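Beneath this line is the structure, given in structure tokens, with notes to follow.
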Number of protein chains: 4
Amino acid sequence: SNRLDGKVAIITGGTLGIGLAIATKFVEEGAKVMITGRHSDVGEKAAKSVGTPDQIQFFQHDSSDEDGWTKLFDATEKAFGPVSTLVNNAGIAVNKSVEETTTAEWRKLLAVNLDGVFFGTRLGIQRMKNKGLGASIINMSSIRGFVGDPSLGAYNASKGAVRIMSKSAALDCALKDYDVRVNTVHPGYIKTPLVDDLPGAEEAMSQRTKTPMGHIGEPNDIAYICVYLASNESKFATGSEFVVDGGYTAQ
Amino acid sequence: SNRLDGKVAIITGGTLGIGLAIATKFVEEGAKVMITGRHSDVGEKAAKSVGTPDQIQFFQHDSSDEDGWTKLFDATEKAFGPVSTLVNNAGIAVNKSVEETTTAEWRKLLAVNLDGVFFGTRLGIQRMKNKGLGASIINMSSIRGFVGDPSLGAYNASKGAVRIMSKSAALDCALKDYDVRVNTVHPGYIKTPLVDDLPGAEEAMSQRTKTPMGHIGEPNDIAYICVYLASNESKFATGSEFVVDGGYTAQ
Amino acid sequence: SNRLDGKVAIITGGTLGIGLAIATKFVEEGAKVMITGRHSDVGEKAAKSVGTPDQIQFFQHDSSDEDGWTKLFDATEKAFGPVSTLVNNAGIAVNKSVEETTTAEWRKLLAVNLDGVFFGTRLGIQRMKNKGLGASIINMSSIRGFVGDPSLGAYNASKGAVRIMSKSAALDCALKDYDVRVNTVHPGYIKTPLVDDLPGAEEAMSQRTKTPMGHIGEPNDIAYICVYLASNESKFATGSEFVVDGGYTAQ
Amino acid sequence: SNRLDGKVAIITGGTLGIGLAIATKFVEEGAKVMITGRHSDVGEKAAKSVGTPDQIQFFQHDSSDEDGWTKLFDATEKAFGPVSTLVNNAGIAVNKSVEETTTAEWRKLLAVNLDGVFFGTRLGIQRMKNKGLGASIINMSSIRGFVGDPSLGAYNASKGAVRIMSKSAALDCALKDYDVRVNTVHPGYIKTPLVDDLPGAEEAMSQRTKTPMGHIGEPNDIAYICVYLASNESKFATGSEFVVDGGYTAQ
Ligand SMILES: NC(=O)c1ccc[n+]([C@@H]2O[C@H](COP(=O)([O-])OP(=O)(O)OC[C@H]3O[C@@H](n4cnc5c(N)ncnc54)[C@H](OP(=O)(O)O)[C@@H]3O)[C@@H](O)[C@H]2O)c1
Ligand SMILES: NC(=O)c1ccc[n+]([C@@H]2O[C@H](COP(=O)([O-])OP(=O)(O)OC[C@H]3O[C@@H](n4cnc5c(N)ncnc54)[C@H](OP(=O)(O)O)[C@@H]3O)[C@@H](O)[C@H]2O)c1
Ligand SMILES: NC(=O)c1ccc[n+]([C@@H]2O[C@H](COP(=O)([O-])OP(=O)(O)OC[C@H]3O[C@@H](n4cnc5c(N)ncnc54)[C@H](OP(=O)(O)O)[C@@H]3O)[C@@H](O)[C@H]2O)c1
Ligand SMILES: NC(=O)c1ccc[n+]([C@@H]2O[C@H](COP(=O)([O-])OP(=O)(O)OC[C@H]3O[C@@H](n4cnc5c(N)ncnc54)[C@H](OP(=O)(O)O)[C@@H]3O)[C@@H](O)[C@H]2O)c1
Ligand SMILES: [Mg+2]
Ligand SMILES: [Mg+2]
Ligand SMILES: [Mg+2]
Ligand SMILES: [Mg+2]
Ligand SMILES: [Mg+2]
Ligand SMILES: [Mg+2]
């Protein structure tokens with residue numbers, strides 16, 4: 001009930017769905033949280049639904065916006081003190097095969113899913129290192145960082161990139177004794193607001209040829225592995241992939 | 001502080017080192033625990049050091065002993081009620097290359113590390129399935145289930161076997177709606193009693209070409225990932241590998 | 001057309017199906033070959049169908065028979081000179097889940113698929129090392145060395161074991177400059193005699209949720225990757241997995 | 001000696017080192033080849049060193065140049081007929097950690113290593129599909145598509161991206177019966193011109209803690225696996241990773 005005592009976390013894309021569940025459990029475990037999203041209506045409502053401004057605040061930011069990343073860390077420091085924990089969770093999908101992906105679609109997806117995670121990881125190392133915070137960078141990296149989907153070409157590229165870039169950062173932080181860990185989390189199919197707006201999506205995802213458990217997960221499934229990775233319980237885990245997917249990748 | 005409320009766990013090789021830390025944290029999170037080991041002096045002392053017989057007991061058992069597995073589950077049921085959780089942690093190593101492994105060494109190691117995990121996993125599914133327990137089988141499966149060591153030939157064989165056999169069991173339990181999950185845990189180098197009896201072992205393991213963090217882990221590092229996997233927090237995780245290795249396999 | 005010039009190969013389970021195709025292409029690329037199998041009627045016919053006794057011979061041997069392995073290498077040396085190449089291809093399956101596998105089934109499958117590959121790999125290193133042969137041990141290791149099948153529990157165990165044991169042997173041979181490489185080959189579904197005797201098997205295997213190419217492979221698909229790995233073309237490849245599966249593991 | 005009979009191949013970065021060896025072996029196996037590079041002095045010399053214009057030509061092209069990709073395929077078609085084979089081999093490295101990578105460095109590396117491979121793969125599918133060519137796209141994807149290097153942050157990102165994007169493309173081509181395969185090749189350390197210009201690089205790469213064989217590979221090591229993947233010998237291989245690394249990733 002205080003597994004994140006003293007932690008100060010930034011969670012990108014934290015105003016709905018998976019990111020909001022992470023933020024909710026982080027606050028319940030004692031962390032101070034800054035959540036981001038592009039829309040202030042959603043974000044301010046989300047923060048107030050979780051706790052007081054002494055526990056959680058919202059910062060408007062598109063994770064592809066490099067300059068905004070500096071302002072986000074500045075604001076979080078001023079509200080809560082030194083940032084210890086970063087969850088790079090914001091991401092988008094293009095439902096196109098590699099063959100049918102336009103270059104504009106390619107660049108837009110990579111700006112959020114890859115450039116954004118790079119900007120956050122790079123800045124996080126610079127701001128977290130050598131502060132004795134037990135710092136942890138958690139990069140959201142999908143079953144699509146492991147297995148292809150014929151209709152998710154650019155998404156697959158971005159998730160494979162985050163999977164292995166995170167190992168580079170993990171190693172550099174470990175070898176330099178920075179007291180920063182970097183790991184990736186790989187959700188299978190999760191019942192999100194988006195999933196609920198796509199007719200038939202959940203049923204298709206629950207077929208046993210896709211998810212062997214025969215149903216999809218919920219946002220708290222991803223929140224709990226993120227609590228583990230943000231806490232000092234996982235102080236020896238770095239450079240590794242944590243898969244929570246109902247068996248999807250085991251077959 | 002009650003993340004394992006109501007759980008009933010068997011932990012093989014639970015009387016020292018990693019297994020004892022798992023048992024200790026399991027009891028602290030509300031589980032009832034039966035620990036095993038071959039030696040009753042060690043085992044009875046270990047159980048009493050953790051809690052009362054209402055919380056934790058010892059059962060003398062070599063995990064290669066197929067008939068003893070039945071007696072172990074029987075005893076645990078009689079002490080604590082239906083078993084929900086099994087940690088197959090007992091294991092041995094032969095420090096021989098494949099080239100230099102005698103067949104007697106091969107069969108002895110496989111009897112503990114592979115037959116034993118098979119016996120426990122098979123029996124666990126039979127006894128746990130369809131009871132609404134949120135059941136979880138946690139198979140200890142090493143960095144040596146991922147990367148070879150020239151001087152651990154039979155050990156590598158056994159850990160690779162446990163890694164993939166566990167996925168078969170995970171899938172069968174998921175597809176049949178048994179309410180049993182099966183996952184593997186892959187420690188890097190951990191400061192155990194054995195490590196402390198080998199002069200120079202810890203220093204060699206801490207070299208950056210081996211463990212990038214520059215130091216080895218502690219038994220509680222493995223206990224905490226086991227708490228996560230035994231708890232209902234991980235109810236969507238099955239068929240997956242959880243690596244806690246200080247960066248060993250990331251490079 | 002002489003990619004295996006001067007090589008001397010043992011291929012276990014070489015009298016039908018995949019093993020026979022490997023032997024056929026090996027002979028066509030200039031290797032001398034000893035094929036094994038349990039039945040002399042099949043084996044003598046198979047050898048004569050491929051070439052003369054100066055090119056290929058049959059040796060009756062169950063790969064679980066440890067003492068027979070010595071006799072097999074002796075016979076191959078006497079026929080053809082020093083063995084350079086070993087393909088551990090003999091294997092069996094039990095169509096049982098982990099839950100439903102009897103211990104007799106478990107031990108029988110491991111005797112062929114795991115003990116047998118260990119016996120051949122161990123002996124191969126001892127006999128091949130330090131002879132300047134460009135020696136290569138090719139261990140047949142399945143898509144089931146990567147992904148679980150709920151009805152192939154013991155098979156999954158054996159293939160995971162061969163996958164990682166082979167890396168141990170690869171590393172030891174490389175670090176000791178033995179001039180022996182060890183790699184694994186991982187077929188997807190292949191149209192074998194066995195497949196043709198199971199009604200409906202090929203159609204089930206060709207479903208896109210199983211093999212994305214929509215059809216299964218043929219024995220020559222596995223023969224060609226084995227030629228590459230046995231030849232000096234692959235002199236820098238060791239400790240690695242070579243997957244030929246129509247896309248099975250990519251999704 | 002005619003394993004690529006009738007094939008028409010584009011090899012990016014084909015004027016030196018690994019790419020030139022691929023082109024050389026491709027021509028020796030009967031393929032017609034268009035090699036690319038940025039510098040015409042190098043490229044025209046390279047082509048003429050391998051064969052006549054009826055066998056091999058050079059096309060000046062930076063693989064980050066999207067519009068040039070169309071012109072490259074057009075020119076290759078006019079010289080040799082329909083393209084069957086694409087090797088995306090051009091790539092660059094920044095020797096910076098994630099922490100120390102400037103955004104300009106990030107974008108420059110991704111433009112070549114990731115955008116370029118995407119442009120070539122996308123165009124290759126569009127131009128190769130449904131032509132009965134036995135088409136094959138071979139994406140060069142490094143040991144750094146598997147394991148991190150603390151000083152290769154952007155490179156790791158790009159190689160992880162190519163690793164998994166290639167599986168998406170493989171699956172789409174297989175499920176749509178396009179007669180196009182897509183696979184990745186993962187060299188370890190190879191003695192290239194670049195390696196020879198870095199004092200001490202080869203010795204560092206040959207340390208057993210890096211390459212267990214105790215020496216690095218040569219360009220023909222990568223050419224031979226590319227011949228296999230471009231030939232119809234590998235007609236059942238798609239969506240998979242082919243590692244040729246002297247044991248680097250096995251430990
Ligand atoms: N027509 C179709 O076929 C189709 C298919 C799929 C989806 N959709 C549309 O997609 C909508 C949802 O898309 P969404 O991306 O907004 O999903 P979302 O579920 O809102 O995204 C999850 C979280 O990430 C945040 N986020 C998204 N992009 C971000 C960025 N660049 N930087 C930082 N945080 C970011 C979101 O807040 P913010 O959104 O406030 O930034 C939210 O907090 C649906 O409501 C629907 O209209 C349409
Ligand atoms: N001379 C050398 O070079 C060398 C090198 C390494 C180790 N050693 C010896 O190895 C000893 C430790 O070996 P160990 O295997 O007993 O280690 P351990 O550290 O005692 O094993 C960890 C846990 O597993 C249990 N366990 C071990 N084998 C088991 C089995 N078959 N079934 C169930 N539980 C099992 C152990 O209890 P139980 O042990 O009570 O069963 C303990 O609870 C050292 O004290 C030392 O004497 C010698
Ligand atoms: N009733 C059913 O539901 C069912 C289902 C599946 C299969 N089956 C039966 O299985 C038969 C085929 O089984 P099989 O294992 O003989 O397949 P196989 O296709 O003959 O095996 C492939 C190759 O491996 C060899 N081999 C097999 N076991 C070996 C061992 N222990 N050591 C060395 N080489 C070995 C085989 O020769 P040798 O066989 O001569 O040793 C052959 O050269 C079918 O003909 C059918 O009767 C029945
Ligand atoms: N000072 C230092 O510390 C340091 C360190 C490392 C390297 N270097 C410099 O790096 C030079 C080599 O770099 P390099 O990238 O030219 O290596 P390279 O060895 O020439 O590259 C391999 C192949 O890829 C081609 N290629 C490179 N970039 C390409 C692109 N964007 N599109 C298509 N093909 C491409 C190359 O031809 P083209 O090059 O003709 O395009 C060649 O065919 C050295 O000669 C040295 O001057 C300096
Ligand atoms: Mg939104
Ligand atoms: Mg799969
Ligand atoms: Mg002991
Ligand atoms: Mg037979
Ligand atoms: Mg150059
Ligand atoms: Mg490694």
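So you can find residues: chains in the structure tokens are A, B, ... in the order shown, residues in each start at 1, and ligands are numbered from 1 in order.
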Worksheet entry | All residues 7 Å or closer to residue 179 (chain A), only C-alpha atoms, same chain fewer than 3 positions away omitted, as a ChimeraX atom specification | /A:129-130,132,134-135,173
Worksheet item: Using only C-alpha atoms, which residues sit within 10 Å of region 68-74 of chain A once same-chain residues fewer than 6 positions away are excluded, as a PyMOL selection string?
Response: chain A and resi 9-10+12+34-36+58-62+81-83+86+116+119-120+123-124+127
Keeping only C-alpha atoms, write the selected residues as a PDB file, in the first residue's frame.
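Now in out.pdb:
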```pdb
ATOM      1  CA  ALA A   9       6.389   9.681 -11.764  1.00  0.00           C
ATOM      2  CA  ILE A  10       5.612  11.084 -15.208  1.00  0.00           C
ATOM      3  CA  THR A  12       2.608   9.997 -20.817  1.00  0.00           C
ATOM      4  CA  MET A  34       2.170  13.992 -13.512  1.00  0.00           C
ATOM      5  CA  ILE A  35      -0.038  12.600 -16.299  1.00  0.00           C
ATOM      6  CA  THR A  36       0.061  13.933 -19.850  1.00  0.00           C
ATOM      7  CA  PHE A  58      -2.006  17.039 -15.525  1.00  0.00           C
ATOM      8  CA  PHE A  59       0.395  18.569 -18.051  1.00  0.00           C
ATOM      9  CA  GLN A  60      -0.759  19.119 -21.648  1.00  0.00           C
ATOM     10  CA  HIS A  61       1.844  17.605 -23.981  1.00  0.00           C
ATOM     11  CA  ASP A  62       2.091  15.679 -27.247  1.00  0.00           C
ATOM     12  CA  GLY A  81      10.456  17.467  -6.645  1.00  0.00           C
ATOM     13  CA  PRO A  82      12.961  15.389  -8.621  1.00  0.00           C
ATOM     14  CA  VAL A  83      11.428  12.926 -11.077  1.00  0.00           C
ATOM     15  CA  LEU A  86       8.944   7.760 -16.280  1.00  0.00           C
ATOM     16  CA  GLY A 116       8.643  10.452 -28.337  1.00  0.00           C
ATOM     17  CA  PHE A 119      12.986  12.037 -26.242  1.00  0.00           C
ATOM     18  CA  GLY A 120      11.537  10.885 -22.931  1.00  0.00           C
ATOM     19  CA  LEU A 123      15.772  13.325 -21.010  1.00  0.00           C
ATOM     20  CA  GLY A 124      14.853  10.911 -18.232  1.00  0.00           C
ATOM     21  CA  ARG A 127      17.474  14.243 -15.235  1.00  0.00           C
TER      22      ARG A 127
END
```
Practice prompt. Name the residues in contact with region 205-215 of chain B at a cut-off of 9 Å, using only C-alpha atoms, excluding same-chain residues fewer than 2 positions from it; report them as a count of residues only.
Written response: 25
Discussion item. Distance limit 10 Å, reference ligand 4, atoms considered: only C-alpha atoms and all ligand atoms. Which residues make the cut? Give them as a VMD selection string.
Written reply: chain D and resid 11 to 20 35 to 43 46 59 to 65 88 to 95 108 to 109 111 to 113 116 192 to 199
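Using only C-alpha atoms, the nearest neighbour of chain D within the list A:121, A:141, A:24, A:231 is A:121.
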Worksheet item: Got a sec: who's within 7 Å of residue 226 (chain A), counting only C-alpha atoms, leaving out chain neighbours fewer than 4 positions off, as an NGL selection string?
Response: :A and (22 or 222 or 230)
Practice prompt. Return as JSON, numbers by chain the residues belonging to chain A that are within 6 Å of chain D, counting only C-alpha atoms.
Written response: {"A": [98, 99, 122, 148, 149, 150, 153, 156, 157, 158, 160, 161, 164, 165, 167, 168, 169, 171, 172]}
Those residues with N, CA, C and O atoms, as a PDB file, in the first residue's frame please?
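That gives us result-v4.pdb:
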```
ATOM      1  N   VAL A  98       2.704  -2.636 -44.198  1.00  0.00           N
ATOM      2  CA  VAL A  98       3.890  -1.939 -44.703  1.00  0.00           C
ATOM      3  C   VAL A  98       3.656  -1.477 -46.142  1.00  0.00           C
ATOM      4  O   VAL A  98       3.915  -0.321 -46.489  1.00  0.00           O
ATOM      5  N   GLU A  99       3.152  -2.382 -46.994  1.00  0.00           N
ATOM      6  CA  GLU A  99       2.895  -2.086 -48.403  1.00  0.00           C
ATOM      7  C   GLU A  99       2.030  -0.841 -48.598  1.00  0.00           C
ATOM      8  O   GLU A  99       2.234  -0.076 -49.547  1.00  0.00           O
ATOM      9  N   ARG A 122      15.839   9.706 -23.270  1.00  0.00           N
ATOM     10  CA  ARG A 122      17.063  10.509 -23.233  1.00  0.00           C
ATOM     11  C   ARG A 122      17.015  11.540 -22.111  1.00  0.00           C
ATOM     12  O   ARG A 122      17.986  11.693 -21.341  1.00  0.00           O
ATOM     13  N   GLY A 148       4.888  -9.976 -35.538  1.00  0.00           N
ATOM     14  CA  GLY A 148       4.333  -9.105 -36.558  1.00  0.00           C
ATOM     15  C   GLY A 148       2.820  -9.182 -36.619  1.00  0.00           C
ATOM     16  O   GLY A 148       2.192 -10.162 -36.215  1.00  0.00           O
ATOM     17  N   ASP A 149       2.232  -8.111 -37.145  1.00  0.00           N
ATOM     18  CA  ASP A 149       0.822  -8.089 -37.519  1.00  0.00           C
ATOM     19  C   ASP A 149       0.819  -7.525 -38.932  1.00  0.00           C
ATOM     20  O   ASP A 149       1.396  -6.439 -39.168  1.00  0.00           O
ATOM     21  N   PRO A 150       0.227  -8.225 -39.898  1.00  0.00           N
ATOM     22  CA  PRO A 150       0.293  -7.763 -41.294  1.00  0.00           C
ATOM     23  C   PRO A 150      -0.319  -6.400 -41.508  1.00  0.00           C
ATOM     24  O   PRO A 150       0.012  -5.747 -42.506  1.00  0.00           O
ATOM     25  N   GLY A 153       2.153  -2.294 -39.811  1.00  0.00           N
ATOM     26  CA  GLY A 153       3.558  -2.255 -40.205  1.00  0.00           C
ATOM     27  C   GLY A 153       4.392  -1.226 -39.469  1.00  0.00           C
ATOM     28  O   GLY A 153       5.444  -1.546 -38.896  1.00  0.00           O
ATOM     29  N   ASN A 156       4.587  -2.024 -35.699  1.00  0.00           N
ATOM     30  CA  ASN A 156       5.611  -3.051 -35.449  1.00  0.00           C
ATOM     31  C   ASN A 156       7.014  -2.442 -35.461  1.00  0.00           C
ATOM     32  O   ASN A 156       7.851  -2.762 -34.599  1.00  0.00           O
ATOM     33  N   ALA A 157       7.304  -1.607 -36.469  1.00  0.00           N
ATOM     34  CA  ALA A 157       8.615  -0.947 -36.513  1.00  0.00           C
ATOM     35  C   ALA A 157       8.880  -0.186 -35.222  1.00  0.00           C
ATOM     36  O   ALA A 157       9.945  -0.325 -34.619  1.00  0.00           O
ATOM     37  N   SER A 158       7.914   0.620 -34.779  1.00  0.00           N
ATOM     38  CA  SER A 158       8.127   1.461 -33.606  1.00  0.00           C
ATOM     39  C   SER A 158       8.299   0.627 -32.341  1.00  0.00           C
ATOM     40  O   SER A 158       9.115   0.969 -31.473  1.00  0.00           O
ATOM     41  N   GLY A 160       9.359  -2.649 -32.096  1.00  0.00           N
ATOM     42  CA  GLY A 160      10.658  -3.289 -32.138  1.00  0.00           C
ATOM     43  C   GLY A 160      11.774  -2.323 -31.797  1.00  0.00           C
ATOM     44  O   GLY A 160      12.727  -2.684 -31.102  1.00  0.00           O
ATOM     45  N   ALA A 161      11.669  -1.084 -32.288  1.00  0.00           N
ATOM     46  CA  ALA A 161      12.681  -0.073 -31.976  1.00  0.00           C
ATOM     47  C   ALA A 161      12.728   0.206 -30.486  1.00  0.00           C
ATOM     48  O   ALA A 161      13.807   0.254 -29.890  1.00  0.00           O
ATOM     49  N   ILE A 164      14.453  -2.687 -28.352  1.00  0.00           N
ATOM     50  CA  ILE A 164      15.910  -2.833 -28.337  1.00  0.00           C
ATOM     51  C   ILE A 164      16.624  -1.542 -27.941  1.00  0.00           C
ATOM     52  O   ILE A 164      17.663  -1.594 -27.256  1.00  0.00           O
ATOM     53  N   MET A 165      16.082  -0.370 -28.312  1.00  0.00           N
ATOM     54  CA  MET A 165      16.663   0.883 -27.815  1.00  0.00           C
ATOM     55  C   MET A 165      16.672   0.908 -26.293  1.00  0.00           C
ATOM     56  O   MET A 165      17.623   1.409 -25.664  1.00  0.00           O
ATOM     57  N   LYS A 167      17.095  -1.563 -24.300  1.00  0.00           N
ATOM     58  CA  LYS A 167      18.216  -2.351 -23.787  1.00  0.00           C
ATOM     59  C   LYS A 167      19.509  -1.560 -23.848  1.00  0.00           C
ATOM     60  O   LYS A 167      20.334  -1.649 -22.930  1.00  0.00           O
ATOM     61  N   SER A 168      19.707  -0.773 -24.922  1.00  0.00           N
ATOM     62  CA  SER A 168      20.893   0.081 -24.988  1.00  0.00           C
ATOM     63  C   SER A 168      20.940   1.033 -23.795  1.00  0.00           C
ATOM     64  O   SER A 168      21.975   1.170 -23.117  1.00  0.00           O
ATOM     65  N   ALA A 169      19.815   1.703 -23.527  1.00  0.00           N
ATOM     66  CA  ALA A 169      19.751   2.651 -22.421  1.00  0.00           C
ATOM     67  C   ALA A 169      19.940   1.944 -21.080  1.00  0.00           C
ATOM     68  O   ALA A 169      20.669   2.443 -20.218  1.00  0.00           O
ATOM     69  N   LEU A 171      21.667  -0.754 -20.474  1.00  0.00           N
ATOM     70  CA  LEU A 171      23.073  -1.104 -20.308  1.00  0.00           C
ATOM     71  C   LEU A 171      23.908   0.121 -19.971  1.00  0.00           C
ATOM     72  O   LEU A 171      24.776   0.067 -19.085  1.00  0.00           O
ATOM     73  N   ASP A 172      23.673   1.233 -20.671  1.00  0.00           N
ATOM     74  CA  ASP A 172      24.498   2.413 -20.412  1.00  0.00           C
ATOM     75  C   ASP A 172      24.303   2.878 -18.978  1.00  0.00           C
ATOM     76  O   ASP A 172      25.276   3.183 -18.282  1.00  0.00           O
TER      77      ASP A 172
END
```
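From CA of residue 78 (chain D) back to CA of residue 31 (chain D), the distance works out to 15.3 Å.
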Just list as a short mmCIF file (atom, residue, chain, number, x, y, z; two decimals) with C-alpha atoms, in the first residue's frame whatever in region 3-240 of chain B DSSP marks as alpha helix (DSSP H).
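Heads up, here's the output in result-v9.cif:
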```cif
data_model
loop_
_atom_site.label_atom_id
_atom_site.label_comp_id
_atom_site.auth_asym_id
_atom_site.auth_seq_id
_atom_site.Cartn_x
_atom_site.Cartn_y
_atom_site.Cartn_z
CA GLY B 17 18.53 -18.94 -0.15
CA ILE B 18 16.14 -17.89 -2.91
CA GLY B 19 13.42 -20.37 -1.96
CA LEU B 20 13.46 -19.26 1.67
CA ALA B 21 13.15 -15.60 0.65
CA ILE B 22 10.18 -16.46 -1.57
CA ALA B 23 8.58 -18.29 1.36
CA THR B 24 9.28 -15.40 3.70
CA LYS B 25 7.69 -12.80 1.43
CA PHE B 26 4.79 -15.15 0.62
CA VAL B 27 3.97 -15.47 4.32
CA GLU B 28 4.34 -11.73 4.80
CA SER B 40 14.87 -31.90 8.07
CA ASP B 41 17.34 -30.06 10.32
CA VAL B 42 17.48 -27.16 7.84
CA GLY B 43 13.82 -27.34 6.94
CA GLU B 44 12.28 -27.32 10.40
CA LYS B 45 14.57 -24.46 11.43
CA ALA B 46 13.65 -22.54 8.26
CA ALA B 47 9.88 -22.84 8.78
CA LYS B 48 10.02 -21.79 12.43
CA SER B 49 12.23 -18.83 11.52
CA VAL B 50 9.45 -17.52 9.24
CA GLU B 66 7.68 -38.72 -8.12
CA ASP B 67 5.73 -40.57 -5.42
CA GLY B 68 6.72 -37.98 -2.82
CA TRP B 69 5.03 -35.27 -4.90
CA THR B 70 1.63 -36.82 -4.24
CA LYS B 71 2.38 -36.98 -0.52
CA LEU B 72 3.55 -33.34 -0.56
CA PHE B 73 0.31 -32.07 -2.09
CA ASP B 74 -1.71 -34.28 0.29
CA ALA B 75 0.11 -32.90 3.32
CA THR B 76 -0.25 -29.31 2.16
CA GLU B 77 -4.00 -29.78 1.59
CA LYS B 78 -4.43 -31.25 5.06
CA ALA B 79 -2.49 -28.41 6.72
CA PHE B 80 -3.83 -25.43 4.79
CA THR B 103 25.67 -39.89 -18.25
CA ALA B 104 25.18 -40.36 -14.51
CA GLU B 105 25.61 -36.61 -14.03
CA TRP B 106 23.22 -35.94 -16.91
CA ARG B 107 20.50 -38.20 -15.47
CA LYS B 108 20.93 -36.89 -11.91
CA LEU B 109 20.61 -33.23 -12.95
CA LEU B 110 17.64 -33.90 -15.23
CA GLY B 116 11.00 -32.73 -10.87
CA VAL B 117 9.54 -29.62 -12.49
CA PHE B 118 7.48 -31.83 -14.82
CA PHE B 119 6.16 -33.90 -11.87
CA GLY B 120 5.25 -30.76 -9.95
CA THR B 121 3.70 -28.98 -12.94
CA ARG B 122 1.69 -32.04 -14.01
CA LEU B 123 0.39 -32.67 -10.48
CA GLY B 124 -0.22 -28.97 -9.88
CA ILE B 125 -2.48 -28.72 -12.94
CA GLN B 126 -4.39 -31.84 -11.87
CA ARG B 127 -4.90 -30.57 -8.31
CA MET B 128 -5.41 -26.84 -8.97
CA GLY B 153 25.73 -28.14 -20.36
CA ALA B 154 23.15 -30.25 -18.56
CA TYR B 155 21.92 -27.22 -16.60
CA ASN B 156 21.32 -25.35 -19.89
CA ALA B 157 19.40 -28.37 -21.23
CA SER B 158 17.18 -28.50 -18.14
CA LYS B 159 16.46 -24.77 -18.10
CA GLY B 160 15.64 -24.58 -21.80
CA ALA B 161 13.30 -27.53 -21.27
CA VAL B 162 11.52 -25.84 -18.36
CA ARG B 163 11.25 -22.59 -20.33
CA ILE B 164 9.31 -24.14 -23.22
CA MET B 165 7.49 -26.95 -21.38
CA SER B 166 5.99 -24.23 -19.20
CA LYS B 167 4.53 -22.54 -22.30
CA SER B 168 2.85 -25.81 -23.30
CA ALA B 169 1.27 -26.09 -19.84
CA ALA B 170 0.29 -22.39 -19.84
CA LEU B 171 -1.50 -22.79 -23.16
CA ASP B 172 -3.32 -25.98 -22.19
CA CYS B 173 -4.54 -24.44 -18.92
CA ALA B 174 -5.64 -21.24 -20.68
CA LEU B 175 -7.44 -22.93 -23.57
CA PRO B 193 24.60 -19.32 0.50
CA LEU B 194 26.19 -21.42 -2.26
CA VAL B 195 27.68 -18.32 -3.92
CA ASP B 196 29.14 -17.30 -0.57
CA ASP B 197 30.87 -20.68 -0.24
CA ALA B 201 32.40 -16.43 -7.44
CA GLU B 202 30.65 -13.16 -6.59
CA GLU B 203 33.50 -11.05 -7.98
CA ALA B 204 33.55 -13.00 -11.24
CA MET B 205 29.75 -12.71 -11.56
CA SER B 206 29.94 -8.92 -10.94
CA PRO B 219 17.24 -13.44 -2.78
CA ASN B 220 14.51 -10.85 -2.20
CA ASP B 221 14.93 -9.76 -5.84
CA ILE B 222 13.52 -13.13 -6.85
CA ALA B 223 10.95 -13.21 -4.03
CA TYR B 224 9.29 -9.99 -5.25
CA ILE B 225 8.72 -11.15 -8.86
CA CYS B 226 7.33 -14.41 -7.44
CA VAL B 227 4.85 -12.47 -5.28
CA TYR B 228 3.65 -10.65 -8.39
CA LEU B 229 3.24 -13.90 -10.34
CA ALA B 230 1.47 -15.74 -7.48
#
```
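For the pair CA of residue 8 (chain D) and CA of residue 84 (chain D), the interatomic distance is 5.2 Å.
Distances from A:139, A:52, A:232, A:87 to residue 5 (chain A) were compared using only C-alpha atoms, and the smallest one belongs to A:232.
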